[PDB]
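Coordinate inspection notes
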Amino acid sequence: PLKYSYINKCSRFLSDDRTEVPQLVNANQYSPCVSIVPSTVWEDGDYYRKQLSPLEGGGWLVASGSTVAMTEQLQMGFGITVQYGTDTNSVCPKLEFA
Amino acid sequence: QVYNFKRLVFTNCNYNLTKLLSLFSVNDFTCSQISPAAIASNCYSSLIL
Amino acid sequence: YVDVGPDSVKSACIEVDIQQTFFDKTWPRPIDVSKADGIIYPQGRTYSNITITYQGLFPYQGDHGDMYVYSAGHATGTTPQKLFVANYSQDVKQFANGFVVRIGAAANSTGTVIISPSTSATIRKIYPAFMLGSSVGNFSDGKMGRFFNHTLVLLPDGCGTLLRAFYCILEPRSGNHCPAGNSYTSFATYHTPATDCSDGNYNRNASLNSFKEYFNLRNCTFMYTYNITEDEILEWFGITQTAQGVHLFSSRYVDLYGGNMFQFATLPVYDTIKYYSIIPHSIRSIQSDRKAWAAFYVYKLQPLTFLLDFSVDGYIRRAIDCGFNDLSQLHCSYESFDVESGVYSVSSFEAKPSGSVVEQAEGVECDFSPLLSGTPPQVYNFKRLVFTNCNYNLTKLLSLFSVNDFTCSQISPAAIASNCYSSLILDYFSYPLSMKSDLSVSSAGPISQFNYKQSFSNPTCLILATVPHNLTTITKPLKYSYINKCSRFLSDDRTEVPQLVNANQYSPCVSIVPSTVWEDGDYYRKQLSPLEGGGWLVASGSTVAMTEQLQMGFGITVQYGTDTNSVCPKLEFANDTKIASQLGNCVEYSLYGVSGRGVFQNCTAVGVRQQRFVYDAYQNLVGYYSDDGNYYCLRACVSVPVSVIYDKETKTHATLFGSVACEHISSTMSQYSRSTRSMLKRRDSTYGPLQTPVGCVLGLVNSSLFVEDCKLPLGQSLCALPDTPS
């Protein structure tokens, strides 16, 4: 990546300009703020906003983010989850039945 | 980027995770509610990465 | 990306006319849960003829569904004309944990053409098309239901024997009657039986090509196809979504006659669906040959629980929606489809809440009364009032003057009055309207340069106004005045350094200038001490003639607390319902942060007075002393116990509300304990409630019979006879 980046805020402003509603990310779901945030964060501490649709009651989507310098070897991570079942268990380790 | 994740849902297929482990140096290995050895050997309806 | 093939050549579309009033029909079809209608088979397990219980997403028993009917488009003579469809494209729906549908139910029966219903054509199954996604919005003509980024497409192509799924970015088309066009009406798709669905050559791309005329497929990430065969038997189908992706279910693939649904397929897309819609469709057949199509229904899934009656062949044949009514709950409590006769307790009515009552301190008010008397200061001499922790109404304050300038920087002028803040600060001074061009935080004029400035770290406002003839305690300066120079001569007596006024501060030159400037162009100087580096203070000023009513200016700044915003526009029920008390029903309440729900009544006093909250030994609030000086008492609220009488031999029932009495009983309940009361209404739609010594009842009938043992006694001398034997 040009820089490593992340979102350090995601909340929506109330339409009356006095309060703001936090949006913690839901398990196994993209945060709603991804629709306005750029594919990388151009500068540390950048923030963005989008007006909410009338179906949402108005107010503004708000998000901000931060970056980390690029490194000599790529750093990465993984999340692993599994799903239990009975007659749906078609994924296994490679097997030998000899 | 951490808010842009790619997901791979695996169904109907066979695996050998140590082949993947040979491709990278792991600087943090941990599991949740399962031993790390068991998640490699357990069979499942899905595997998600 | 996916090789979908070439797009349609024309950007043009056949015009879509909305004919929705032709499609009005009333034909509800509630779920028969005892036939297992709409029930998805449990995952990965099967059972013998034993009854089990289960929880999962399933349609509600009382849901009659949403009905959709397709029809042929306009046609005349022997040829096609403009499309005629219902307004279904505008029916955006929130996705709500999946749905199931009923299709082909009216197949092998007859009806009418609908769009031209006088023709009375027989009706047959037709497969619907749908669009799903995470966002919706307006089409370039303001039409509803446009989808954004990538969306799902559920489209049959040609005959119902071929089905395709897509995940793609739709691109609007700029031709006439199409989504980027300014002649656009509504989205629709169509099929033409004269060239499509040929018996030796079904057109596998037919409906997709008509789809392509309104949207060019773009960057598709998924495509699927399926092989299906025709069948007049009713089918079930449905969709759910999980973190493993979307799942598809149908009864057709496995349980053709019982209607149990199984997961026919799954999809890789796990992107959350927030919206759902159905695509309009039309048949482009010859006018005399147009065919009517069978009714189609959609039902919504809910997290309900059920009894399930498995057969020994593992198909569920019957089920009980536990929450539908109290009888259904009893079946679930006994894990059976045949409960033994008896009288049984069932859950109580919750009663109902009434509009809220709140008491809190109120009387703060922001001290703004100094603005109303004496002579206001010259603009360089402005007076400041700082406010924290108090209540205000800036629009009331401003109605004491006529405002000839209402502007602000970094806040709208309306929002600064309504927003809560950690502080509110107001600066005030006399100021002629002749100088108004020079009053801005950005102005090039001498007022912003030397007399008054406001910080850009805080939201700010500037106001010009004049005094009404009824504010006689306000008095005016001999002339309006301002400083038009403020600099310090450098100690070498040739170099000079200007002193622009600091934001939110008096200019240093105010110390030499007199409280008003006596004449236009007056100037003053002060020698500076060696501690200042020497030099001379230099200043001058200018004036404007006094006017019939005083002209004034104001400055306002605010600080928003992160969590310290104590200054607010509280009003003591201005423009409100005045809810400080109710006498009463079951109102929710708050009393200085103490809260609960309950009934208040005007009772007598108990001591100790002014301790406010009276409590019992279990710490239940007993009552409260209001700030109107009256004690009120609190009984919280009460609920109505219910029981039912069940006659298993006749499979009939009746009910008792006990102690509540028939004065609070009505044909329907607004409180309420179960999703319906209609099971009682099956015979009690024709009868008033009856009072008995134990309590009010429904369907009991006053027979005045004397019987030794009813086998369903209600206690006391009461009894409840069964209907006589067949």
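Residues numbered from 1 in each chain as written, not as in the entry; some residues may be left out. Chains lettered and ligands numbered in written order. Part of a larger assembly, values for the part shown. Heavy atoms only, no water.

The record lists cryo-EM as the method behind this PDB entry and 5.0 Å as its resolution.

1. Concerning the overall build of chain A
Within chain A one finds 0 helices and 6 strands. Ordering the α and β elements of chain A from the N terminus gives β-β-β-β-β-β. For chain A, whose C-alpha radius of gyration is 20 Å, the value lies well above the compact-globule estimate of 13 Å for 98 residues. With respect to the three principal axes, the spread of C-alpha positions in chain A is 70 × 40 × 15 Å. The long-range fraction of contacts in chain A, counting pairs at least 24 apart against all pairs at least 6 apart in sequence, stands at 56%. As displayed, chain A offers around 7100 Å² of accessible surface, 55% of which is attributable to carbon and sulfur atoms. The positive charge centre, built from 7 side chains, and the negative charge centre, built from 10, are 5 Å apart in chain A. (Helix = DSSP H or I, 4+ residues; strand = E, 2+ residues; numbered from the N terminus. Rg over C-alpha atoms; globule rule 2.2 N^0.38 Å. Contact = heavy atoms within 4.5 Å. Areas by Shrake-Rupley, 256 points an atom, 1.4 Å probe, with all protein chains shown as cover. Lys, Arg positive; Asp, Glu negative; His and termini not counted. Charge placed at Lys NZ, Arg CZ, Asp CG, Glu CD.)

2. Let's talk about the sheet that holds strand 37 (residues 551-559) of chain C
All names here are of chain C. Reading across from one edge, 29-31-37-32-30 is the order of the 5 strands in this open sheet, with antiparallel pairing throughout. Of all strands in the sheet, those bounded by a partner on one side alone are strand 29 (383-387) and strand 30 (402-409). Put simply, the sheet's adjacent strands are angled 15° from each other on average, direction ignored. As defined by bridge partners, strand 30 adjoins strand 32 (residues 460-466) across 7 bridges and the pair is classed as antiparallel. Residue pairing in the sheet places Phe 406 in a bridge with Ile 463 of strand 32. (Pairing = 2+ DSSP bridges. Axes fitted to C-alpha atoms, helices over the stretch in contact; angles between N-to-C directions.)

3. Details of the pairing of strand 20 (residues 245-250) of chain C
Residue and element names in this part refer to chain C. Among the 6 residues that make up strand 20, 6 are buried, leaving the element largely enclosed by the rest of the structure. By the bridge criterion, 6 bridges tie strand 19 (residues 235-242) to strand 20 in an arrangement that is antiparallel. When the bridges of strand 20 are listed, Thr 240 appears paired with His 247. The hairpin formed by strand 19 and strand 20 contains 2 residues between the paired strands. Sheet topology note: the strand 20/strand 21 (residues 262-266) ladder contains 4 bridges and is antiparallel. Directly across from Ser 250, in strand 21, lies its bridge partner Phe 262. (Buried < 20%, exposed > 50% of the residue type's maximum accessible area, 1.4 Å probe, protein only.)

4. Let's talk about the interface of chain B and chain A
Where interface size is quoted, it is often the accessible area lost as the parts come together. Taken together, the 24 residues of chain B in the interface contact 30 residues of chain A. In total, chain B and chain A occlude about 2300 Å² of area from one another, counting both sides; carbon and sulfur atoms represent 58% of this. For the interface between chain B and chain A, the tally reads 0 salt bridges. If you look at where chain B meets chain A, you find 15 residue pairs in polar contact. (Buried area = accessible area lost by both parts, 1.4 Å probe. Salt bridge = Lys/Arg side-chain N within 4 Å of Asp/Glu carboxyl O. Polar contact = N/O pair within 3.5 Å; in protein donor to acceptor, adjacent residues only side chain to side chain.)

5. Here's the deal with the pattern of salt bridges
Residue and element names in this part refer to chain C. According to the stated counting rule, one finds 18 salt bridges over all chains in the structure shown. The residue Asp 326 makes a salt bridge to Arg 674 at a minimum N-O spacing of 2.8 Å. One end of the pair, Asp 326, is in helix 2 (residues 326-333); the other, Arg 674, is in the loop between strand 45 (652-656) and helix 6 (678-684), with 348 residues separating them in the sequence. Among the charged side chains, a salt-bridge network with shared partners connects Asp 326, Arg 674 and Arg 677.

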